[PDB]
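One chain comes next, on its own, written out as structure tokens in the form deposited in one PDB entry.
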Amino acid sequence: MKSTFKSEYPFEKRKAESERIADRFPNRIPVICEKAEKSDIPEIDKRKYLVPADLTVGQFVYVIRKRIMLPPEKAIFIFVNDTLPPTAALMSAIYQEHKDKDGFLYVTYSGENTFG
């Protein structure tokens, strides 16, 4: 599968969990990454990333690397909308134009530097 939040749970519920994260930390950016099948990296436990609006993709690329705790010899890359944003890009500017109708964000990481 790819996502069970929309399948397993309703679309509102999701937007709900955010409604609170917004009332609690409206200065954050709950990015919802999704394992990239294409890649061959080891799956994660869950997909959740609460970063500030002052952090850049760079950091994120690292955060994820934590969830997968990849080796220092490997190199993972983040992708959005079947794209590959820079590390300088701000998670606020990106999510700003990458934001979904549900609010959350949809990104995917892959051990390879390819969009698929």
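Residue numbers run from 1 along the displayed sequence.
Missing here is the form solved in complex with a partner chain; even so, the following discussion is about that form.
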Report yes if any heavy atom of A93 sits within 4.5 Å of a heavy atom of its partner chain in the bound PDB entry; otherwise report no. no
Flag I21 as yes or no: does it have a non-hydrogen atom within 4.5 angstroms of any non-hydrogen atom of its partner chain in the bound PDB entry? yes
Proximity of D102 to its partner chain in the bound PDB entry, heavy atoms at 4.5 Å: no
Residue contact check: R28 to its partner chain in the bound PDB entry, 4.5 Å heavy atom: yes
